[PDB]
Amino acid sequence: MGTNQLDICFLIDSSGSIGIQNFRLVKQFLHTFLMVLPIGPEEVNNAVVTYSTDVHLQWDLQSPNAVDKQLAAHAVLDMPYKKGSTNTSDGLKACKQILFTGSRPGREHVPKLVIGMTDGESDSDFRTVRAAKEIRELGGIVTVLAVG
């Protein structure tokens, strides 16, 4: 395991709970976070999934966006707001599939992180649902950021 090596699945609430204005803030924050991360083929790989009624893969770990900071940071700004129900558990299962079956070759020693991004209001599903515990059992690290 090297310095600056992480596979991160960002799981971004785009649901009716959140509201466009808060969702725009999230995208702003995520853009800034991606700009400061050391993103690259041998360093941080990023995937981005938004969730509401269904899950919407933006890109997985095999995407060119996953290893190019300018591609990823530009792309996150234009993710559309979806406004439906809040299917956290399926969101988490989509990250779990990307992290544990979809990483790039040579990353077995690389930590697997879910970074949730929400309100802060009703994101208890992250601490609670079976899909979160499974990722942790696989050795994944699940954290939720509340951009408010």
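A residue's number is simply how far along the shown sequence it sits, counting from 1.
Checked against the record, the higher mean CA B factor of 40 to 48 and 103 to 111 lies with 103 to 111. When the two stretches 58 to 66 and 113 to 121 are set side by side, the higher mean Cα temperature factor goes to 113 to 121. In this PDB entry, the Cα temperature factor of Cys9 sits in the bottom third of its chain's modelled residues, the lowest group. Ranked by Cα temperature factor within the chain, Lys83 sits in the highest third according to the deposited record. Annotation for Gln97: CA B-factor lies in the lowest third of the chain's modelled residues. Sort the chain's modelled residues by C-alpha temperature factor and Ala131 lands in the highest third, per the entry.
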